[PDB]
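Chains as they are written, first to last, in full-length UniProt numbering: chain A, 2 to 77; chain B, 2 to 78; chain C, 2 to 78; chain D, 2 to 77.
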DNA sequence: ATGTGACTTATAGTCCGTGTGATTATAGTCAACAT
DNA sequence: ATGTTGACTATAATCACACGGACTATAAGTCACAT
């Protein structure tokens, strides 16, 4: 697998938790499948930008805040 | 179509020109098709994080500084 | 246009496919642009003997062999 | 220079002679410039196929006869 | 007759990119059953 | 609640090709002057 893809997934999970969201709720809020979300967080999916974008909207987080976080997570 | 995509595709081109690369060098170095690099810049196209990573390696740029330029482009008026 | 050209054009393609090459491979080994190889096959362009020679070397074929197939294609019905 | 180019030129000169033509006359007959022809025969020109075709018309020699000859010439 | 040289102008050949049908690999989406 | 296994189907990604515009190298065509 990929380093970036792992950090992306980790970040998605991180933000979901600091917001006290469940996966079920993250999937409802972004209209995607819960098993889809699950899959990403267990790093079994290689998402596209479009999908990533839907997940950010579901997390209620701006692109910028996401990447700010993704950068920080990337640096150990 | 997608907000972030045209930002990603814009930044891939920006860097590519900054580094005085041509499309088909980058297509080689990124270990993706000739026409895919074109298609990404040309229209936008919906790439995969793995493909984006390949391109970053190809732009000879780090994940970090890519995303830093990504943020800057998003923030523009 | 020109009689001999489209024949030369035809034979370059024929050989190229007989050898399972692609235009990309060919323009590769002929050290010409892939645009030019396309241009030749497409619209029978007016190449120079030197360029033809490069293409022969690219097709991994000899002067002789080429011209022998050239003669054949000219003679056909 | 090129090997092929020299033998094309040699052939052009060979045929012009076997026929008894001057350069002046090969130029007239093919509607090309005499210095143009002189250049080719000293092999100071890299013809295009089109030009070669005009010289064949001037020599009154079919493509086939020209190439049959060029081949033979090519093999020392 | 032929052979130079040198000087325009057409075009051969280069270089970077666009746009496209067809095929292959794979993400997108949604089942059934788990815990 | 979340995890996992197959699935089906959309589409990401590949591969071979056509096509254009702009630029550079050089062949095409014509002088003058040799011999």
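Don't be surprised by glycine CBs; every beta carbon is placed ideally from N, CA and C.
Determine, using beta carbons only, whether residue i and residue j come nearer to each other than 8 Å.
i: residue 8 of chain A; j: residue 74 of chain A; result: yes
i: residue 61 of chain D; j: residue 4 of chain C; result: no
i: residue 47 of chain B; j: residue 6 of chain B; result: yes
i: residue 65 of chain B; j: residue 72 of chain A; result: yes
i: residue 113 of chain D; j: residue 49 of chain C; result: Absent from the structure is residue 113 of chain D, since the part of chain D shown begins at 2 and ends at 77.
i: residue 45 of chain B; j: residue 2 of chain B; result: yes
Any C-beta of chain C sitting closer than 8 Å to the C-beta of residue i?
i: residue 18 of chain D; result: no
i: residue 48 of chain D; result: yes
i: residue 68 of chain D; result: yes
i: residue 45 of chain D; result: no
i: residue 3 of chain D; result: yes
Using a Cβ-Cβ distance cut-off of 8 Å, determine whether residue i contacts chain B.
i: residue 62 of chain A; result: no
i: residue 54 of chain A; result: yes
i: residue 12 of chain A; result: no
Is there a Cβ from chain D that is less than 8 Å from the Cβ of residue i?
i: residue 30 of chain C; result: no
i: residue 51 of chain C; result: yes
i: residue 9 of chain C; result: yes
i: residue 6 of chain C; result: yes
i: residue 75 of chain C; result: yes
Can you confirm whether residue i, when its beta carbon is compared against all beta carbons of chain A, has any partner nearer than 8 Å?
i: residue 72 of chain B; result: yes
_Length at least 4, wholly inside the UniProt domain "HTH cro/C1-type" (13–68) of chain B: the alpha helix (DSSP H) runs in chain order_ = 24–30, 35–43, 50–59
*Does the stretch 38–49 of chain C come within contact of the stretch 16–30 of chain C, defined as at least 3 CB pairs closer than 8 Å?*
yes
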